[PDB]
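Worksheet for the structure shown next.
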Ligand SMILES: Nc1ncnc2c1ncn2[C@@H]1O[C@H](COP(=O)(O)OP(=O)(O)OP(=O)(O)O)[C@@H](O)[C@H]1O
Ligand SMILES: Nc1ncnc2c1ncn2[C@@H]1O[C@H](COP(=O)(O)OP(=O)(O)OP(=O)(O)O)[C@@H](O)[C@H]1O
Ligand SMILES: Nc1ncnc2c1ncn2[C@@H]1O[C@H](COP(=O)(O)OP(=O)(O)OP(=O)(O)O)[C@@H](O)[C@H]1O
Ligand SMILES: Nc1ncnc2c1ncn2[C@@H]1O[C@H](COP(=O)(O)OP(=O)(O)O)[C@@H](O)[C@H]1O
Ligand SMILES: [Mg+2]
Ligand SMILES: [Mg+2]
Ligand SMILES: [Mg+2]
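Residue numbers (our numbering), protein chains in the order written: chain A, 3 to 145; chain B, 6 to 412; chain C, 1410 to 1657; chain D, -2 to 301; chain E, -9 to 386; chain F, 12 to 289; chain G, 382 to 500; chain H, 257 to 267.
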């Protein structure tokens, strides 16, 4: 946002970028796109009228999206033809897409330790426990 | 009525009843102190030699020559090559702190020897590029790499077999057998962020990985990556990672990531953002180079740095289970002078919810009980006395009067 | 902090709410009962004595529970009414059931359990009211009982509660009289203690309130001395005070 | 220059061109931790401090006596009392006994008051107190007088998001400086506060604050004395019973007593006089010594 | 390893009753001291060149001190001036091309920058004052009671240096790092001041607030320096008193200033038990509040023995009294048990104020002999700041 | 050479071009209050001989307290236009600066600036922000508000006694203030500014309007008698907006009709209420 | 409040502090020289929808006639900020379809898009 | 809640 501290150098960098963005008008082939993971700390100046004003909203994916997202990062692996990616999505909530990839990568690894080629559905589920660091123990009072 | 001590009063208090040696003795003590003070000053200045070589390996006649003919050359970096006509290049050189200058080579150097970006030496007067210089090998970063392999082997890390196995499949296995991770096409996690309660084996599972490395292990201090001058933190992060890509099979171990991995927050009115921009120069850097990280407090790490795009794997070092605590015990007691019989299995159930280190102090205190009383054999009775002081003595209150409820 | 509910035990084992409650008695008026053979007295203070305030009861701080039992109050006004209501109902039940006056102490235990019971079940606020009891019985004659918000009671020979309890209690000790506690000596001390315990000097008669309990021909008259006799009482102490200055 | 005089941390001066040492120069004390040294002794003398004849005497057994005549303590075999904590209701003389000990002290009387050791940059608050007890040793015997000690030494709170953590690190310095690994010789501290329960128990443990002198609101023979030390320069009439004015002022702080004297004199300057009569006082003991009532019978009978 | 630069303690003179045995023993110390001065002074006077003089002429005056960064050739190294610049200076012959190490502080010629000398022992003035030279004067016999606490603090800092055979003959590694915690005024720092007057190993001290510099890296770099000197000077003890100043519980602070203190704790937390294990540098922390220290800084392995210092017990309080009333002059009526027995939580610093006060209440009545009333009065006058705070008569 | 020091406006020491421009006769009524302030922050600088002739050191602080909108700051805006000292205004919230050790230092810079440029008047308006009764602080925020009040207390009457530095303070509560900052010595005269009675309202009306163009039929005594307890801003309001109604209609003279149209807008302050609190 | 009716300088600058909740605002803030005039601006005026669309619709080329009236009821309680989008979002519908808006059928769905998708 | 903040100094 802003803040003689030693941040009067990055402040010049921003105003410079702030300067040029408004310098050139639309109709040009200089379309700009900027990515931030924390939009509550950005300057309001950065997003006012002629700067990044039409702001793109990236959500944390929904359940159907997660089932798909867990597919794209699994194509290059020999996943078994019977892997109900949909069922995996249900167990995979509050998951950012990257974590949705972590299950795929973890799924392949978990198969490795077991000495298998095709990732079974179980391997994927074990990833959904090891992607979040949880350690699945067969608690006794369930039966 | 606290009557103030009249001057008449003071004279008597200090002489009436005085032991006839009082004035003399107090004189002797006062004499000594001043005498000691003077004694030091006459000798306090102790010569601090300044690293001169033996007289044999001197060339004082030639030494006057080097100082006279040779000249100091400012070390700079070529940031661009204008190549004015391809015959008068007019290089632009950075003097680091001095300024940016458009300089030209002294005749000694070859036009083709000074390639863009390489460190170039200039002359103090005109800044003509007199000599090329080897790329920068950081004095601090270069010392960082663990040149002496830590002695702790993998057999010293007990009760964490599944956590060591999980680490060996990211830090060792994908580095010695890059064929199981290719057949299935699984991308090896290129970093693990060991977290666990303080004293569970995070840095022991770090030294252990170092003793069986076959790689170049770089021990990132955490302290050195936070420098006074702005930017010098990030400049070190690059100069470490750059020093890794140059090596083949390099492992970087950022112990105590909390130092330079705090969750971001706008505090630009202060030097904190200096450290934060050093992490953002590390987040960019991270996302054959494997990266390790240890953090007894993972919750203080930036969510960005814990995503499965940078730290693909997160190994949790939990408190050992019983079958492991009896193993953590035997690892630290293999060198103790214990009596053959000790029911270590029994000592594992008396240390419930105890870390992998407090088991160590139970073994270290056990002897100290065997040393206090001159027995050269640390018997079992000592350990229960040990587990009372190391674990129980600081575990909780949970005492008899409030423990006669459990039977 | 563990002062959220009256039923939560602090780690050291202290029911904070009860400490908070009984300590709350400090803000209340001062009531004292002096040692006395053949009698015992209560002296209260009318903290709010504004002018426009019509005096209709004359006994804002001294209540008569049974035909031979009187108790003051030092604490919350609302809780004081409910306790004084429960006190009398307890005493009269005893008279109905046993056709014999409730022998003092069993009155305090009955109320103390009610007050304590609040300090056990949750959701009820600890009664913030201590109250002196005086009276007579066929069992021990004149007695003095000091109730606390925390339910704990206790027999006493001379005690003060509420404002400046420390000053009153010590002085009641300083000139504490055992055996020689005739009523007249009790009255002189009682006003004598209020003189310094009550910050405003001159112990203006209307600003003090004395009720005495005597055993007369087996009738146990509980008295609330009127202003006239207090004036002479204040005068009686007032005359005695001047003679003490002769030391200078 | 004899090299024996060049101790570490000196401030030698080096010649302009050849960098040769040619003088030792006075030692460096931070520019802010040097204004704290009393150069101008105040003008409050003991004779202007009434009623505190006991406290002034209890405070001289720590500030004056142990310094002027240390031989008494050595023979008696008891260590030297070091600090005093002058607490008490506001306006009693706690900063008046201090200006007095500064007018008759013949001992460098440094003055660190309130938030003068609380600096924004971390590890600077600790530095100033380090240089304050160094300027108090090279200039010993010295008396550091820290007024409003509630500011820097309130009870240590648990380190967290919200909790004093820098005024704490400078508290843990003063805590160590007074009675720490390194014993201190001939430095005495006269902290003055109003609330004595909000200090951390390490700062009120004997060894750092030996005597904890209380300053209570004056009594009638103390209000009278105060009313006579601040009305000495006044043109009092005859029949101006300063005692009856005092008897009209129960629990009158002690600085309020002067308010009656300034106000009794202020009731005259509006009339262009130089003489203050009795009714000029009794009409002014009501102004300065004013009160706020609960102004609510609803709340006031909550408690019987 | 320069060896332990132990403190310099003059021998001790006991008797203390101020008897002639005392004067003679002080005189003997003085006599040798006068003799010792004689040799130092008579060595310069009795004491009444062509090789070094040539060297000093090549160096000239003054000589800058920058940080070496690279040994390009055998006779060329890049040295960074004291401002952060760089320089491709020449390595002259007199310098030792052995001690020249990257990171070493090199002496540079002033006119034509050229390595001329290697300046070892460049430890900051901020850590070279941390070293205790004049040993404190409180011997283990000045600390009364605390026999269980002393032994615990003598089996990590004294014994492991005198009888190392016991520990290495049994398999232990001598406990290294002890957290002295307890209520204020119990003797935490006195036991520390007593290990310095007995130890033969360099006794560095800090105050837990000295090692928090304002600069971003000044903080963590002083700690990395202190444990570099303690390691350098062989047997050493680093006493970080009032450790609560630096090492409090880590937390997600929204203030950069507080993220630099923790970036100093996470350095003391790695300069103690982390990669590249320590050498022989014991650490003695002290703190009145062990309930706020980070669970890691006092995790067994860094602070192995948590010596707990309770308020004095009745037997100890009686021994504490005599150690502070040893030099006093009590009258025959001074039966201390009247004050000790009380249930007042009289700390060990309270006891020495009930001694200073009862000796000053003696001057009030013009007496250098303190009677029994001088303690009764002093107990009250010295026992404030704690008043009386407890529950009412609820519990029976 | 010793160059002249520079302390002209470090903390907004009122320059010769920042005079508030409110004369004493412009303030309306406040006859008693004006004299009490005129007796501690104005008179002693001029006539110090009179004070020393009676043996009383002139009062050094004044604390104007009363209901909001009653003219407290106005007397202060005046004393500034009418003072030969160096007025130094500082609002209470200006001390609450972040960066602990910047707030308390601001106090130590205000009394240093006033000490150098003496005699001076330091007017801490809205002192209720930093001088609320010290309830034991248990977080690093109430602790830094208390470090400000104490730094305030320590310079006003502390070991370093200042010469000729009077302090004027204004607050709207007057009871929340810490007892140490109301003890006769720091804030000596606690002047009260009560809601204008049926008389001060007349004087207030006569000074706000005596510059306004009032059409002869406007009997200001018709509105000064209405029992409603209007405050000083409200009287300035009932007048400033009264004319704004005239200006809208383009009429250059405020007529009696508007004042009644104005008079019903500046006093129906309930409006919302909710009818069930009554 | 001080920086407005405040000693320093009264000034010649003006403030337009606009709120969404007027009950919340403190009384002092609404005064003659301390922020006056409680100008209410309710959701686009019934007729405005036309004018607003008139001022915000015409810019985008659209030869086809307009039944604005239906768009008005098709857009009840519209925030007006939505109305700006209505025409612009319609332009995206046109950006797909072809290049010239020739149908109100566009605003209808555009009205829906700037309603259900603007919820 | 309300958090007072310290600060360092990047040289
Ligand atoms: N599980 C364990 N098994 C064996 N030794 C252990 C174990 N845990 C701790 N230790 C002992 O403690 C030493 C260091 O403990 P550890 O490596 O866990 O520190 P750490 O996790 O880095 O602590 P922190 O996170 O607070 O820095 C090990 O070298 C070993 O001697
Ligand atoms: N006993 C006394 N005799 C004379 N003057 C007194 C007495 N007590 C207080 N005063 C006067 O009261 C005024 C108030 O300042 P004082 O020195 O009392 O500070 P304080 O309120 O006690 O402490 P602090 O300044 O720390 O708040 C001073 O002018 C002081 O001289
Ligand atoms: N057991 C004891 N025997 C003898 N003297 C003691 C004892 N305990 C404390 N003392 C005395 O306490 C004095 C000062 O206390 P000490 O320095 O030991 O406290 P501390 O542990 O540093 O306290 P703090 O928590 O305030 O830092 C010493 O001079 C010493 O004489
Ligand atoms: N007696 C008065 N004479 C003139 N104007 C007054 C009077 N009382 C109030 N006012 C008006 O109200 C303002 C008073 O400011 P006020 O609200 O009292 O300030 P603060 O609340 O900061 O003390 C003046 O600027 C003026 O417009
Ligand atoms: Mg580690
Ligand atoms: Mg200590
Ligand atoms: Mg104002």
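Where is the CB? At the ideal position from N, CA and C, for every residue including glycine.
Taking the straight line between their C-alpha atoms, what separation do you get for residue 41/A and residue 270/B? 12 Å
Inter-residue spacing [alpha-carbon to alpha-carbon] between residue 169/E and residue 157/D: 22 Å
Please name the residue in 19/E, 260/E, -4/E and 73/E whose C-alpha comes closest to that of residue 203/B. 260/E
Alpha carbon to alpha carbon, how far is residue 286/E from residue 205/B? 11 Å
Residue 259/D at chain F interface by Cβ criterion, 8 Å: yes
Among 161/D, 137/D and 114/D, whose alpha-carbon lies nearest the alpha-carbon of residue 148/F? 161/D
Any heavy atom of ligand 5 within less than 7 Å of residue CB: hits in chain order: 207/B, 208/B, 211/B, 260/B, 261/B, 299/B, 260/E, 264/E and 265/E
Can you give me the C-alpha to C-alpha distance between residue 457/G and residue 401/G, rounded to a whole angstrom? 20 Å
Do you know offhand how far residue 84/B's Cα is from residue 226/B's? 31 Å
Chain D within 8 Å of residue 62/E, Cβ atoms only: no
Inspect the CB distances between the stretch 94 to 102 of chain D and the stretch 330 to 346 of chain E and report whether three or more fall short of 8 Å. no
Rounded separation between residue 242/B and residue 267/B - CA only: 16 Å
Below 8 Å, how does it come out for the stretch 42 to 54 of chain D and the stretch 127 to 145 of chain A: are there three or more Cβ pairs, yes or no? no
From residue 171/B to residue 95/A, what does the alpha carbon distance come to, in whole angstroms? 24 Å
Hey, is residue 251/E's beta-carbon within less than 8 Å of any beta-carbon in chain D? yes
Quick one, which residues of the stretch 115 to 130 of chain F are near chain D if we go by CB-CB under 9 Å, in chain order? 115, 116, 118 and 119
Chain E contacts made by the stretch 1536 to 1566 of chain C, where a contact means CB separation under 7 Å: 1559 and 1561
Contact set between the stretch 164 to 195 of chain B and chain A, restricted to residues whose Cβ is under 9 Å from the partner: 167, 170, 171, 174, 175, 178, 185, 186, 188, 189, 190, 191, 192, 193 and 194
Kindly identify the DSSP beta-bridge partner or partners of residue 300/D. 1485/C
Can you tell me whether residue 171/F sits near ligand 2, meaning its C-beta is under 7 Å from at least one heavy atom of the ligand? no
Output yes if chain D places a C-beta closer than 8 Å to the C-beta of residue 230/B; else output no. no
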